[PDB]
Amino acid sequence: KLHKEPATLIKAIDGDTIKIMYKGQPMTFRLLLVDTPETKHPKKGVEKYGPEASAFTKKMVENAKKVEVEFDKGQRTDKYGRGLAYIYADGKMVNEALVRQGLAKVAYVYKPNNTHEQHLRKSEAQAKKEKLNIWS
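Residue numbering for the sequence shown is 6 to 141, as defined by the entry's author numbering.
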């Protein structure tokens with residue numbers, strides 16, 4: 006049974022990466038299960054809808070009263086030392102909102118970190134049917 010923990014926004018870095026104060030330490034978090042187009046991508050640089058995905062995440066977490074982190078059941082950091090979690094802004098999952106808006110695709114999924122996978126794929130299929138953004 007996953008649980009949400011309180012956290013404090015430090016800085017939004019990209020569509021799918023946010024810096025957060027967690028249990029009193031600054032950490033970089035990568036959003037589980039979603040790929041957004043990047044502004045800070047290794048190879049390509051600024052890909053299409055990258056600035057848009059990035060502004061969406063930033064506004065969403067910046068305007069929130071409460072930010073919460075929810076770890077999944079498997080590893081909680083990746084090889085870059087980034088936390089792996091679902092992020093909530095006033096009760097709303099940022100990972101899903103991005104997917105629902107056609108601003109992210111559901112990522113390659115790795116068990117056992119796949120608890121909300123079905124839910125996200127359902128939102129992804131709706132944004133495609135609606136031909137939003139990435140899917141337009």
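Just so it is clear, CB atoms sit at the ideal spot from N, CA and C, and this is done for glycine as well.
Strictly by DSSP, which residues pair up with residue i?
i     : result
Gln30 : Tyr27
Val51 : BP columns for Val51 are empty, so no partner.
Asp19 : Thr22
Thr62 : In the DSSP output, where bridge partners are listed per residue, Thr62 has none listed.
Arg35 : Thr22, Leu89
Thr13 : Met26
Under 9 Å, do residue i and residue j count as touching if we go by C-beta distance?
i      : j      : result
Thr41  : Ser59  : yes
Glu57  : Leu108 : yes
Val111 : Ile92  : no
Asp19  : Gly55  : yes
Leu125 : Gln106 : no
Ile23  : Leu37  : no
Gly88  : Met26  : no
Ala69  : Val104 : no
May I ask you to report which of helix, strand or coil DSSP gives residue i?
i      : result
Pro42  : coil
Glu135 : coil
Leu125 : helix
Is residue i near the ligand MG, judged by its Cβ being under 8 Å from some heavy atom?
i      : result
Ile139 : With respect to the ligand MG, the structure offers nothing, as it holds no ligand at all.
- Query: Residue ranges of each beta strand (DSSP E) run of no fewer than 3 residues wholly in the region 64-117, ordered along the chain?
  - Reply: Given a length threshold of 3 residues, each whole run of the beta strand (DSSP E) inside the region 64-117 is given here in chain order: 72-76, 88-94.
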